[PDB]
Amino acid sequence: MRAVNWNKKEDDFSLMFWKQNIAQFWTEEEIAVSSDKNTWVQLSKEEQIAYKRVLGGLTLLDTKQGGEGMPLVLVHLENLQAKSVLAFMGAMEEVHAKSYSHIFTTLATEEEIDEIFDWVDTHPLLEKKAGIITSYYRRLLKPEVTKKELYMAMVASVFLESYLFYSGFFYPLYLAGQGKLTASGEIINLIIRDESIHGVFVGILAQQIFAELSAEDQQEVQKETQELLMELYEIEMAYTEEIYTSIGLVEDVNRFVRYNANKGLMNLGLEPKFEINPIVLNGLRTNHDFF
Amino acid sequence: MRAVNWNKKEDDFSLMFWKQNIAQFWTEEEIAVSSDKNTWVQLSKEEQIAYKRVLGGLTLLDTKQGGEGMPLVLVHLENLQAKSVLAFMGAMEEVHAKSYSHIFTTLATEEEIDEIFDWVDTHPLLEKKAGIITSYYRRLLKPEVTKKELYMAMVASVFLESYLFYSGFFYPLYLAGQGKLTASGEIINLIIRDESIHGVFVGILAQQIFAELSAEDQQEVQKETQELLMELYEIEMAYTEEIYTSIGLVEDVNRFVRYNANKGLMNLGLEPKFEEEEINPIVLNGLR
Ligand SMILES: [Cl-]
Ligand SMILES: [Fe+2]
Ligand SMILES: [Fe+2]
Ligand SMILES: [Fe+2]
Ligand SMILES: [Fe+2]
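If you want it as structure tokens, here you go:
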């Protein structure tokens, strides 16, 4: 049985991503959020509800990535250096999820917080969205998986990392780009810096597996991938309508979702399939290069 | 579908262990090991070989805990705060494994290192002991697991964290307690501080699952746990004889193995099964 041996490179990129994930390490204890209350109380009721709801959705996604997506992909990898990187990325998803709780504690009462998590648990679109992604993960709960099954779990992971979070990230960035809730915005920028490299890394791994598939299996997962992209898009468009109609931002968020969908595809070595709001860009400017 | 909500405690201990695991965070670049070369070259070849072999074994166990043990146990937990802690602990196993490679790079040539890892991969006792533990983990590769299956994976994990590492930790601590390889010994001490809390935590989880079993299932896993403990002990005694006979330390490391087996039992809420003895005072000085 093999032990991980970092003296013998297993690929040309795992050490670089190991080192970068470590260099980027942070915890919620490092950004105090209390100074955001001065601008939080200046938001309308409808704006505050949208903010809390999107943070709830982001928490759900990070919960499933750290608790299912990273663990189940990594258990089936044969490359032990890449496995190490994914284990670390999975832990950072739990840091991210804890960081949303840190923001909530500063901005909401204990009663309001528990209402938000109850709304998350019973929300039909979030359930559908998370269910579609985790289905591909839970296919890997068996002793032996095919490369097609592993490839599609990696696709699902890239689409969560590079695409599904962004209908939620939009709003903290949009407010931060206006000088509102800028400490929470700093946290969301740290999260985005991590998710960006998670999506690139899993995409590299996916491209390596794809090259190992037969031509028949390549064409099958190419079709499944495009269908998944558009199945998620349909749900995201319904989600943006629900969250953002009250505050007038639906079409802006949809453009941002398409931008990031295109990035997810590029992380998989795939051509864009769709066509950034400048205020969002200013909110990233504290990432700005990446976008 | 539920998101982790740290505002609402799921249990009385996960936040405490989350905070401590974070507080203890460290990485491989924080301890330079090059100053150990002055004492490394004073060791005989037999002493050097034993050191490299036990580090190889430790690396194997950490590879399996980060890549199978923590991920598969955590996937099946319902407690999302406990899941978080286990994910972090799994990442720290990978930090531990990376740190062993750092030690190797300072103390061995590239050809020597690859020889060690080929020795690990083809070693029959390491393959056997890792296989016994990972068999419990790989039973969890199915959509739904029973609580009996989850419990026995947690037992295996506590036995790895609190017991199977220590036939290997012995020698770095023994040398560090003599002023030899003391920078490598500081790394090993950081790893031990982590494994100690990993074993306590998984043991708490195991005790929670045990209480949720029927009497019939309790009787089954109680017996399996005791058999597993002694099945692993028989393998560890062959392993210590293989590694340490050349350097005169077999009975010393066997005493340390039994000490730590007892701690693994206590982490599971179980009584000690081996004669209770004070720790070797040289090893104790290496832990200081
Ligand atoms: Cl295959
Ligand atoms: Fe995340
Ligand atoms: Fe991520
Ligand atoms: Fe470890
Ligand atoms: Fe551990």
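Residue numbers (the deposited numbering), protein chains in the order written: chain A, 1 to 275, 279 to 289, 293 to 297; chain B, 1 to 288. In this text, a Cβ means the ideal position worked out from N, Cα and C, and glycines have one as well.
Taking Cβ-Cβ distances shorter than 7 Å, what residues in chain A pair up with residue i?
| i | result |
| --- | --- |
| B/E94 | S84, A87 and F88 |
| B/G168 | Residues of chain A passing the Cβ test: none, with the nearest at roughly 12 Å. |
Output, in chain order, the set of chain B residues within a Cβ distance shorter than 7 Å of residue i.
| i | result |
| --- | --- |
| A/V4 | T59, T63 and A97 |
| A/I22 | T27 |
| A/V75 | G67, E68, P71 and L72 |
| A/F117 | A3 and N5 |
| A/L164 | Within chain B, no residue comes near A/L164; the closest Cβ sits about 13 Å away, beyond 7 Å. |
Given that residue i touches chain B, what residues does it touch there, using C-beta distances under 9 Å?
| i | result |
| --- | --- |
| A/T105 | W6 and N7 |
| A/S101 | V4, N5, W6 and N7 |
| A/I279 | The contacting residues do not exist; A/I279 stays about 27 Å from chain B at best. |
| A/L125 | Correct list: empty, because the minimum Cβ distance to chain B is about 11 Å. |
| A/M1 | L60, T63, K64, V120, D121, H123, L126, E127, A130, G131 and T134 |
| A/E110 | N7 and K8 |
Judging by CA-CA distance, which residue of the options is the nearest neighbour of residue i?
| i | options | result |
| --- | --- | --- |
| B/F256 | B/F17, B/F165 and B/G199 | B/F165 |
| A/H96 | A/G131, A/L190 and A/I279 | A/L190 |
| A/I116 | A/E144, A/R53, A/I243 and A/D194 | A/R53 |
| B/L284 | B/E224, B/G185 and B/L265 | B/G185 |
| B/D121 | B/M70, B/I22, B/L58 and B/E271 | B/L58 |
| A/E251 | A/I192, A/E93 and A/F170 | A/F170 |
| A/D118 | B/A23, B/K45, B/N7 and B/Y259 | B/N7 |
| A/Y174 | A/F274, A/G248 and A/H123 | A/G248 |
| residue 315 of chain B | B/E93, B/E276 and B/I132 | There is simply no residue 315 of chain B to check, as chain B begins at 1 and stops at 288 in what is shown. |
| B/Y136 | B/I113, B/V221 and B/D114 | B/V221 |
| A/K128 | A/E10, A/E231 and A/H294 | A/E231 |
| A/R2 | B/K273, B/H123 and B/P172 | B/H123 |
| A/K45 | A/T27, A/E112, A/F274 and A/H294 | A/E112 |
| A/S157 | A/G179, A/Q178, A/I132 and A/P172 | A/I132 |
| A/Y163 | A/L265, A/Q42 and A/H76 | A/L265 |
| A/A23 | B/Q24, B/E29, B/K263 and B/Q20 | B/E29 |
| B/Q20 | B/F274, B/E195 and B/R288 | B/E195 |
| B/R288 | B/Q178, B/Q42, B/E236 and B/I31 | B/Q178 |
| B/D114 | A/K273, A/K9 and A/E224 | A/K9 |
Residue j and residue i - do their beta-carbons sit closer together than 8 Å?
| i | j | result |
| --- | --- | --- |
| B/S34 | B/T109 | no |
| B/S101 | A/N79 | no |
| A/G90 | B/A87 | yes |
| B/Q81 | B/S14 | yes |
| A/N254 | A/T245 | no |
| B/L140 | B/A130 | no |
| B/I187 | B/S99 | yes |
| B/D217 | B/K148 | yes |
| A/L125 | A/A50 | no |
| A/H198 | A/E227 | no |
| B/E271 | B/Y259 | no |
Alpha helix (DSSP H) containing residue i: first to last residue?
| i | result |
| --- | --- |
| B/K83 | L80 to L107 |
| A/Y239 | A215 to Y244 |
| A/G66 | That residue, A/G66, is in no alpha helix (DSSP H); it is neither H nor E in DSSP. |
| B/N280 | Neither: B/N280 is in no alpha helix (DSSP H) and is coded neither H nor E. |
| B/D36 | It is not in any alpha helix (DSSP H) - B/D36 carries neither H nor E in the DSSP assignment. |
| B/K273 | No alpha helix (DSSP H) contains B/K273, which DSSP labels as neither H nor E. |
| B/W6 | Neither: B/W6 is in no alpha helix (DSSP H) and is coded neither H nor E. |
| A/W119 | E110 to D121 |
| A/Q20 | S14 to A23 |
| A/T182 | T182 to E212 |
| A/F169 | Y166 to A176 |
| A/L126 | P124 to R138 |
| A/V158 | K147 to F159 |
Can you tell me the Cβ-Cβ gap for residue i and residue j, rounded? I've got them flagged as a contact below 8 Å.
| i | j | result |
| --- | --- | --- |
| A/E234 | A/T134 | At roughly 18 Å, the Cβ-Cβ gap does not stay under 8 Å, so A/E234 and A/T134 are not in contact. |
| A/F159 | A/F17 | Incorrect: roughly 19 Å between the Cβ atoms, too far for contact. |
| A/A206 | A/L229 | Not quite, the Cβ-Cβ distance comes to about 14 Å (not below 8 Å), so this is no contact. |
| B/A176 | B/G56 | Not confirmed; about 18 Å, so no contact. |
| B/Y151 | B/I209 | 5 Å |
| A/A183 | A/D36 | 5 Å |
| B/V155 | B/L268 | 7 Å |
| B/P71 | A/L74 | 6 Å |
| B/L181 | B/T39 | 6 Å |
| A/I282 | A/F297 | The Cβ separation is near 13 Å, so there is no contact. |
| A/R193 | A/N293 | 6 Å |
Can you name the residues of chain A whose CB is closer than 9 Å to the CB of residue i?
| i | result |
| --- | --- |
| B/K142 | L141, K142 and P143 |
| B/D114 | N5, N7 and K8 |
| B/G264 | In chain order: nothing, as chain A lies at least about 21 Å away. |
Name the chain B residues whose beta carbon is nearer than 8 Å to that of residue i?
| i | result |
| --- | --- |
| A/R138 | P143 |
| A/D194 | Those within 8 Å of A/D194 in chain B number zero; the least Cβ separation is about 13 Å. |
For a test of your reading of the model: does the CB of residue i fall under 7 Å from any non-hydrogen atom of ligand 6? Yes or no.
| i | result |
| --- | --- |
| A/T146 | Among the ligands present in this structure, namely ligand 1, ligand 2, ligand 3, ligand 4 and ligand 5, ligand 6 is not found. |
Given that residue i touches chain A, what residues does it touch there, using C-beta distances under 8 Å?
| i | result |
| --- | --- |
| B/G56 | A3 |
| B/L80 | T63 and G67 |
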